[PDB]
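Take the position in the sequence shown, starting the count at 1, then add 23; the result is the number in the deposited numbering.
Shown next, in structure tokens, is the structure this report addresses.
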Amino acid sequence: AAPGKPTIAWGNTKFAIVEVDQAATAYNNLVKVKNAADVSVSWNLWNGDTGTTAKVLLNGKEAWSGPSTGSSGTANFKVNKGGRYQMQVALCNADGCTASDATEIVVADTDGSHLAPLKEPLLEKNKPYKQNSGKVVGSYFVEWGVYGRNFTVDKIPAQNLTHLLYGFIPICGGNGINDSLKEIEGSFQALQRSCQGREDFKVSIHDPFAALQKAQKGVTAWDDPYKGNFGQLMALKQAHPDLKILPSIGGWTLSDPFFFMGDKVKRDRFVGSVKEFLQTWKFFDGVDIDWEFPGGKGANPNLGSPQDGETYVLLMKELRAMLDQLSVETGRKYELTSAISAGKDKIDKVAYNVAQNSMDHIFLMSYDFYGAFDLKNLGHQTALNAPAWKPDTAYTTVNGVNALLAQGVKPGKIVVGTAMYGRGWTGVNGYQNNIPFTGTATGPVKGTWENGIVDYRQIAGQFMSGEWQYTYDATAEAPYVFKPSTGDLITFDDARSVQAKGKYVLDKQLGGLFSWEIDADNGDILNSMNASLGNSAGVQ
Ligand SMILES: CC(=O)N[C@H]1[C@H](O[C@H]2[C@@H](O)[C@@H](NC(C)=O)[C@H](O[C@H]3[C@H](O)[C@H]4N=C(N(C)C)O[C@H]4[C@@H]3CO)O[C@@H]2CO)O[C@H](CO)[C@@H](O)[C@H]1O
């Protein structure tokens, strides 16, 4: 007679291809990529003949087989594809095979193939749009926003984006290499712990807790291998397979290492680390370079060289070649983007007409034109155009687009920037014709998280009532709120100035719109990005 029906033993059923060490703080120890997950299964036979061969099947297909030598047994084998499998133990002899009931086993991988889709309700004022204009609709999510800001990946209105970018992936390096980080208390140190034992100029993760271990909606079980922002992003990719999720390297405080990359030894080490990062974290779809900025004038006054332009073009070409190679290895399309200054002084230190051939999108940072870093020369921080009182205004959105176009950049490359935050001043005084921007200021406006800077959500929530004046400047295409009695002045984007940027994008055949940053919107900004580029209301 065929053997008795085996009973799968109680035991761990959750396994991982990319293992995460739960007691590590250095990136090199935290992650271990294997070629296959080590799976184990045990069984008992409570009644009957134990058979002469035992097999483990996944979805009916043999993953292991061995001699059946008594009433219990254990099998250890490898599974090289992530997903959920119906695992059975069968005992066979010449008279037949008898299979256990099925037990599901979970084989995790960083494409999120083991996770349920994270498909959450839109929150606050976000309304559903279809991505059917063919234009870019992008926004950045910030790794550090998950604590006091409390803005986690399940709150991203992800159906309303084509592109979701992650700020920021740091480049390893201590003194002389990441000195701009020393301004943020604990931040430089944090990076050194993350990068212990790791070569400088290789990428890492700045806050491993927030990125991979903090419990978050859908990734709260103790033995869920990937939690934090990265586990949620994986599940978001299951819900939105065509969302592009890109890691952004650099930003204001983590751009110093790019200034050493005219040394091709360092540049190659960087690019190889990016390759390895994307092989490790397969939910990411490419890389976004936010080097602030070729030529200097970013956070560090000691950095910037005339050579930076050439290094930026080389960096992009080599990044492209590495992604082209990763792309054919995997069958996937990978994107290479960059966030760049929109000031013409900085644009022209790079030959974007050459670098564009390696890039899918150029995220023009058409904001921060004015702000509490200058208390004497006030203006609109993110306006489309110059205002009527100063038609020669250098830093406007149109001027940054025009500088790119004059180099020979194709319009379709250029993605226009919208701010989901205002910048502002306090104590504004000495201005003419009731235009507060002609005045000067005594210091920064009180910010939401940091001085001089205010989330759009709080502009709309707190500063559009009471004594606050609201004006929309129709020449510049820019809103501003002014509190006459303290002289608080705040310059922002709103639904209408965004609509002006979107129409402009459509009129000039540009590539679309992107925003910084997604936690600061209440829905009005991304709603207008979508509507102004001609995306249809509703869901597909
Ligand atoms: C990593 C780190 O230093 N985090 C700091 C955090 O610094 C942030 C904020 O200062 C951001 N300011 C605003 C307006 O939100 C600043 O944003 C810059 C970003 O660096 C640039 N890159 C782009 N992209 C489109 C890619 O846009 C600009 C934006 C907007 O100007 O980013 C820095 C980090 O570079 O500040 C908080 C205090 O608020 C601090 O606790 C710490 O988390």
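We put the beta carbon where it would ideally sit given N, CA and C, even for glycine.
TODO: Please confirm whether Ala-39 and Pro-248 have their CB atoms less than 8 Å apart.
DONE: Contact flag set, yes.
Open item on the list: Looking at ligand 1, does it come within less than 7 Å of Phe-386, judged from the CB to the closest heavy atom?
Closed with: Inclusion of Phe-386 in the 7 Å shell around ligand 1 follows from its C-beta lying nearer than that to a non-hydrogen atom of the ligand.
Task: N-terminal and C-terminal residue of the alpha helix (DSSP H) that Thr-353 is part of - done: That run of the alpha helix (DSSP H) goes 331–353.
TODO: Check whether the stretch 364–376 touches the stretch 545–553, counting contact only when three or more Cβ pairs, one atom from each stretch, lie closer than 8 Å.
DONE: Fewer than three beta-carbon pairs drawn from the stretch 364–376 and the stretch 545–553 are found closer than 8 Å, and the two stretches are therefore not classed as touching.
Open item on the list: Quick check: the Cα distance between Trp-33 and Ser-65, rounded to an integer number of angstroms?
Closed with: Distance between the alpha carbons of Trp-33 and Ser-65: 8 Å.
TODO: Could you tell me whether the stretch 103–119 touches the stretch 145–159, using the rule of 3 or more Cβ pairs below 8 Å?
DONE: Three or more beta-carbon pairs separated by less than 8 Å are not found between the stretch 103–119 and the stretch 145–159, which leaves the two stretches without contact.
Open item on the list: Are the CB atoms of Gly-475 and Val-468 within a distance shorter than 8 Å?
Closed with: Yes; because the gap between Cβ atoms is below 8 Å, this pair is in contact.
Task: Validate contact between the stretch 236–245 and the stretch 302–311 using beta carbons, cut 8 Å, 3 pairs - done: No: fewer than three Cβ pairs fall under 8 Å.
- [ ] Return yes when the C-beta of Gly-366 is under 7 Å from any heavy atom of ligand 1, and no when it is not.
- [x] Exclusion of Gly-366 from the 7 Å shell around ligand 1 follows from its C-beta lying no nearer than that to any non-hydrogen atom of the ligand.
TODO: Starting from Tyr-50, follow the alpha helix (DSSP H) in both directions and report where the run begins and ends.
DONE: Per DSSP, the unbroken alpha helix (DSSP H) holding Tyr-50 starts and ends at 50–53.
- [ ] Run the CB neighbour count on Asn-422, radius 10 Å, all protein chains shown included, and call it buried at 16 or more, exposed below.
- [x] With 16 or more Cβ atoms within 10 Å of its Cβ, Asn-422 is classed as buried.
Open item on the list: Can you look up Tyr-493 in the DSSP assignment and give me helix, strand or coil?
Closed with: Of the three classes helix, strand and coil, the one that applies to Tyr-493 here is strand, per DSSP.
TODO: Tell me whether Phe-38 sits in a helix, a strand or coil according to DSSP, three-state version.
DONE: Note: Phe-38 maps to strand in three-state DSSP.
TODO: Compute the minimum distance between the beta carbon of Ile-482 and the heavy atoms of ligand 1, and state whether it is under 7 Å.
DONE: Because no heavy atom of ligand 1 lies under 7 Å away, the Cβ of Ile-482 does not count as near it: no.
- [ ] Flag this pair as yes or no: are the beta carbons of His-384 and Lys-436 separated by less than 8 Å?
- [x] Closer than 8 Å, so yes.
TODO: Give the DSSP-derived three-state secondary structure of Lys-367 in the structure shown.
DONE: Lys-367 falls in the helix class under three-state DSSP.
- [ ] Pick out whichever of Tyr-495, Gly-71, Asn-201, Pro-459 has its Cα sitting closest to the Cα of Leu-326.
- [x] Taking only the C-alpha atoms, the option nearest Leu-326 is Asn-201.
Task: Check: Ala-499 C-beta below 7 Å from any heavy atom of ligand 1 - done: Taken from the Cβ of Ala-499, every heavy atom of ligand 1 lies 7 Å or farther away.
Open item on the list: Determine whether the beta carbon atoms of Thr-441 and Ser-538 lie at a separation below 8 Å.
Closed with: Yes, the pair counts as a contact, with Cβ atoms nearer than the cut-off.
- [ ] Using only the heavy atoms of ligand 1, determine whether one of them is closer than 7 Å to the beta carbon of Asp-496.
- [x] No, the beta carbon of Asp-496 sits no closer than 7 Å to any heavy atom of ligand 1.
TODO: Determine the DSSP secondary structure at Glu-358, reduced to helix, strand or coil.
DONE: In the structure shown, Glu-358 falls within a strand segment according to DSSP collapsed to helix, strand and coil.
TODO: Note down, in chain order, each residue of its chain lying with its Cβ closer than 8 Å to the Cβ of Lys-531, except the 5 sequence neighbours on either side.
DONE: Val-424, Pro-434.
Task: As assigned by DSSP and simplified to three states, the class of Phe-537 - done: Strand, per DSSP.
Open item on the list: Distance check for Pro-329 and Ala-233, CA to CA, integer angstroms please.
Closed with: Computed Cα separation, rounded: 37 Å.
Open item on the list: Does the distance between the C-beta of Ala-395 and the nearest non-hydrogen atom of ligand 1 fall short of 7 Å?
Closed with: No.
Open item on the list: When you compare the stretch 125–144 with the stretch 256–267, are there three or more beta-carbon pairs, one atom per stretch, that lie closer than 8 Å?
Closed with: In short, these stretches touch, since the Cβ pair count reaches three.
Task: Residues of its chain near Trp-314, where Cβ-Cβ distance is below 6 Å and the 5 sequence neighbours each way are ignored - done: Around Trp-314: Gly-273, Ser-278, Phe-281.
- [ ] State yes or no: is the C-beta of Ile-40 nearer than 7 Å to some heavy atom of ligand 1?
- [x] Checking the Cβ of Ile-40 against ligand 1 gives no.
Open item on the list: Check this for me: beta carbons of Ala-409 and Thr-416, under 8 Å apart or not?
Closed with: For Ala-409 and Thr-416, yes; Cβs fall inside 8 Å.
Task: Cβ pair count under 8 Å reaching 3, the stretch 68–79 against the stretch 91–108 - done: Between the stretch 68–79 and the stretch 91–108, the count of C-beta pairs closer than 8 Å reaches three or more; the two stretches touch.
Open item on the list: Could you compute how far the alpha carbon of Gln-492 sits from the alpha carbon of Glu-540?
Closed with: In this structure, the straight-line span from the alpha carbon of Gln-492 to that of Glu-540 is close to 25 Å.
TODO: Could you name the residues that DSSP lists as bridge partners for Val-439?
DONE: Bridge partners of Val-439: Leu-387, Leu-536.
TODO: Compute the Euclidean distance between the alpha carbons of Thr-465 and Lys-506, then round it to the nearest angstrom.
DONE: If you take the alpha carbons of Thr-465 and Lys-506, they lie about 14 Å apart.
Open item on the list: With H, G and I counted as helix, E and B as strand and the rest as coil, what does DSSP make of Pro-270?
Closed with: DSSP, read as helix, strand or coil, puts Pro-270 in strand.
Open item on the list: By the DSSP assignment, the beta strand (DSSP E) with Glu-147 in it spans what residues?
Closed with: That residue, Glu-147, is in no beta strand (DSSP E); it is neither H nor E in DSSP.
TODO: Starting from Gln-302, trace the alpha helix (DSSP H) both ways and give me its first and last residue.
DONE: DSSP places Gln-302 in the uninterrupted alpha helix (DSSP H) bounded by 287–303.
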